[PDB]
Every structure is written in C-alpha cells, then in structure tokens.
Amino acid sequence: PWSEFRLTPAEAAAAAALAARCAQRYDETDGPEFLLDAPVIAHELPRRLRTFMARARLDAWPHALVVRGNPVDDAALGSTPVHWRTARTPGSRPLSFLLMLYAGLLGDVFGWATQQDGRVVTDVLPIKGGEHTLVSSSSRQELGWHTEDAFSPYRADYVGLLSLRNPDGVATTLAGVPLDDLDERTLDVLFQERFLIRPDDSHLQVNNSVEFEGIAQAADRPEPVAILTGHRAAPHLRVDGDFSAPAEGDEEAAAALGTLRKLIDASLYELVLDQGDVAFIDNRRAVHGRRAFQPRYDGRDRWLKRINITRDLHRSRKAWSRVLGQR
C-alpha cells in the first residue's frame, strides 16, 4: 500500500556525498539559507530518485513514499541522544541534511513554534521516564494512530521520517481510509462538521524547553470539523485516535467515529524503517503511529529524524514563515 524505491549503492553514495557537502557549506539545516537552497540543491540528487519522487507523489493510491538503502555508520553516528534537545549531534548532521534534501523534492518544509523549540528537523527517540506518554518519545506504550497535527488546518501534507537506527526492527503503523467497510450513512456523517480534534501533547509547554496561547484555544474551544474531506471515492482523512471526539452530545457523529476507530484498528498495518530507510507518509490519505517497544537506554535506542512538509507554505500564512503558530 506504499510506493517503494531502493537506492543502488552508487546512488546512495552520491546522495550521501551531496548531503555531506551541504553539511560542510551551511551552518545548520534550519537556517534561512539552507531552507531556501535545499529544493534547488536537491535537483542534483540521482536522477532515478528524482523521477521516483516526482511520479510517486502524483499517483492516486500510495499511503507513503519509501526510500530504502541510505548507508548509516553506527560508529560515525555515535550514541542515541537521551533527549531531543541534545540530539543535533555531529554524527547525525549529514543525515539531517539528507532528509531535508529529499523533503525538498516533495514540498515546503516547516516546523511548529510549540514543538521541539520550533525546529524544522525534529527527533524521534525514547526519553527515559516518558515511556507511557502520548508523544513520539514514548516506547512501552504504543503510539496510537493519528493524522499528524490533526487539530490544525495547517498540518503537513507529508511527514518525513529517516531511520538513523532501529536495531530491533520496531514497526511504524499505518492505515488508510477503510472505504471497503464504511457504509454510506456513516461516510455521510464523517464528511460533516461534527467532530472535535484537540492538539496533541507534543504542543504543550512541558514538552518544550505566545504561540502556546493558540494551542490552549484549540484545546479549550475546538470548533467542529469533518473527519473526511474531498472525493467520496478517495477521501482525505483527519483524525487522531487519542485526541478526537464527537461534537457535544452528537451521538450519530459519535457512532460514526466509534465505527471508524474499529475499522482503522482492524486495518492497521506495519512498516519497518530499518537503519537508513526514509518514509514520506501521506498525511491526508493515511494515519500513522508506532508499535510499543521496550526501550534500551544503553546508547543504541531507535532514533529517527523527522520533518513536516506542505505542498504550499502560503496556505498557512495566518500562522507564520517556516515556524508556525497562532495566538
């Protein structure tokens, strides 16, 4: 259900070489300079990869675009950081640039003022003491399926994930719209503005080191929104298993959401991002999550770099440029 591309060793080496050169020439991935240049520098990636990204993005069906086979040297990479705060390590620097280059082929990258200190390239790793939380630094508790930043009209079109390491093969989870099982009445209701979607815990002040006011308003006074939009035969999806609810006292909407939860749970499947694998999850066609795992805390924990991507930065003008948020 996803579109997959495997780099040849030579293509992977070329891509890595390009990223290393970027790492040499630019101070940081999130600097204004590299943010502007990355989409043009990405034109120098291997042609077969550029072709895959240009075409696969336009296909009607894939839940994600997956690129396998980027080399990662654990010795060069170094130990998995204990927190996202200190996760911009020299060993992980070239791979962060690599992710941004791939991302630039798909759209405009951005971050959130209220998430990991406004960083554009973010980190997914287990944080000691946060095993049973609802955020991506969890481990022992499964990260439930969700549309990324479901609360926001400015949520990403694609979520990019690059696996720096994943020694025990922990699965990312995905599900599309369960169209084979949604009856027309349920479908009709899911297309109506009868649902409340609150911001997830990654946007809380406690999970960072004026935009928090907007988050508080989205949490306190969510306006009713639809779960499905667009074409009945291929709807776009906006839902969060741990932060969605029906509108106050709307039992029809509730029943539709209840049914949707059951169908998504039943159709949820696994994608293992092995070391060096990159996935760009279509945040409109699919929800995603991560399986429960036992963290190590020995320096070799599973570690991903992540980036939010929009097809059009100007659609979020109200929340501006590369770091989004509102009052």
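Numbers follow the displayed sequence, beginning with 1.
A.B. asks: Between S209 and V210, how many residues of the deposited sequence have no coordinates in this entry: none, 1 to 3, 4 to 9, or 10 or more?
C.D. replies: Unmodelled stretch: 4 to 9 residues.
A.B. asks: Answer with none, 1 to 3, 4 to 9, or 10 or more: how many deposited residues between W320 and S321 are not present in the coordinates.
C.D. replies: In the record, 1 to 3 residues between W320 and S321 lack coordinates.
A.B. asks: Could you check the entry and say whether 218 to 226 or 238 to 246 has the higher mean CA B-factor?
C.D. replies: Between 218 to 226 and 238 to 246, it is 218 to 226.
A.B. asks: Look over 5 to 13 and 302 to 310 in the entry and identify the one with the greater average Cα temperature factor.
C.D. replies: The recorded data point to 5 to 13.
A.B. asks: Quiz for you: based on the deposited Cα B-factor, which of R155, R185, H146, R165 is highest?
C.D. replies: It is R185.
A.B. asks: When the CA B-factors of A256, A150, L204, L99 are compared as recorded in the entry, which is the largest?
C.D. replies: Comparing C-alpha B-factors across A256, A150, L204, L99, the top value belongs to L204.
A.B. asks: Splitting the chain's C-alpha B-factors into thirds, which one does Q294 fall into?
C.D. replies: It belongs to the highest third of the chain when residues are ordered by C-alpha B-factor.
A.B. asks: What third of the chain, by the recorded C-alpha B-factor, contains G69?
C.D. replies: Middle third of the chain for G69's C-alpha B-factor.
A.B. asks: Lowest, middle or highest third: which one holds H63 when the chain's residues are ordered by CA B-factor from the entry?
C.D. replies: Bottom third by C-alpha B-factor.
A.B. asks: Relative to the other modelled residues of the same chain, rank the CA B-factor of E142 and answer lowest, middle or highest third.
C.D. replies: Ranked within chain, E142 CA B lands in the middle tercile.
A.B. asks: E33's Cα B-factor: lowest, middle or highest third of the chain?
C.D. replies: Highest third of the chain for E33's C-alpha B-factor.
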